[PDB]
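Engineer: Here we go, the starting part of the complex in its complex frame:
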Amino acid sequence: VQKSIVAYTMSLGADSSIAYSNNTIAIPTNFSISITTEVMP
């Protein structure tokens, strides 16, 4: 505010937008590798 408990309206997700084009295309020109950990009983 010093901290306190506050109430808020939750966000649904990041605010993002991409323009539509019938003429152009976007493609990757690089890549990466990553590892995800998953656990199940």
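Structural biologist: Everything's here; your move. Numbers count the residues shown, from 1 in each chain, chains lettered A, B, ... in the order given.

Engineer: helix/strand/coil for residue A:31?
Structural biologist: At residue A:31 the chain is in coil, as set by DSSP: H, G, I helix; E, B strand; the rest coil.

Engineer: Just the element for residue A:5, please.
Structural biologist: Using DSSP states H and E, residue A:5 sits in no helix or strand.

Engineer: list the contacts for it?
Structural biologist: If a contact means CB atoms under 8 Å, 6 or more residues apart in numbering, then residue A:5 has no contacts. Heads up, the C-betas are built off the backbone N, CA and C, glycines and all.

Engineer: Next one: it from residue A:11, what distance?
Structural biologist: Residue A:5 sits 18 Å away from residue A:11, going by CB to CB, to the nearest Å.

Engineer: Quick check, central residue of chain A?
Structural biologist: residue A:14 (6.1 Å; CA atoms, centre = their mean).

Engineer: ok, that one to residue A:30 distance?
Structural biologist: On the measure of CB to CB, residue A:14 and residue A:30 end up 22 Å apart.

Engineer: Number of residues surrounding residue A:6?
Structural biologist: For residue A:6, the count of nearby residues is 6 (other CB atoms under 10 Å).

Engineer: also put chain B on there:
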Amino acid sequence: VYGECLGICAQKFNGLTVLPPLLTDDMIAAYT
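Structural biologist: Same chains as before, plus chain B:
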């Protein structure tokens, strides 16, 4: 397509009630 509350609230004598969801229909509509 028991006690509850819309929006006014009301209760029954039977001790029963239904809780609201975290995500309302409009929030879902936004996701879809």
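
Engineer: which residues does the residue nearest to residue B:20 when sequence neighbours are not counted form a beta bridge with?
Structural biologist: Of all residues not flanking residue B:20 in the chain, residue B:5 sits nearest, at 7.9 Å (CB to CB, 6 or more residues apart in numbering or on different chains). Note on residue B:5: beta-bridge partners by DSSP bridges are residue B:9.

Engineer: In chain B, which residue is most central in space?
Structural biologist: residue B:20 (3.6 Å).

Engineer: any idea how far chain A is from that one?
Structural biologist: 14 Å (CB to the nearest CB, to the nearest Å).

Engineer: Make sure that residue is indeed in a helix.
Structural biologist: No: counting by three-state DSSP, residue B:20 is not found in a helix; it is coil.

Engineer: what about residue B:4, neighbour count?
Structural biologist: 13 (other CB atoms under 10 Å in any protein chain shown).

Engineer: hang on, it packs against residue B:18?
Structural biologist: Yes: using CB atoms under 8 Å, residue B:4 is in contact with residue B:18, at 5.7 Å.
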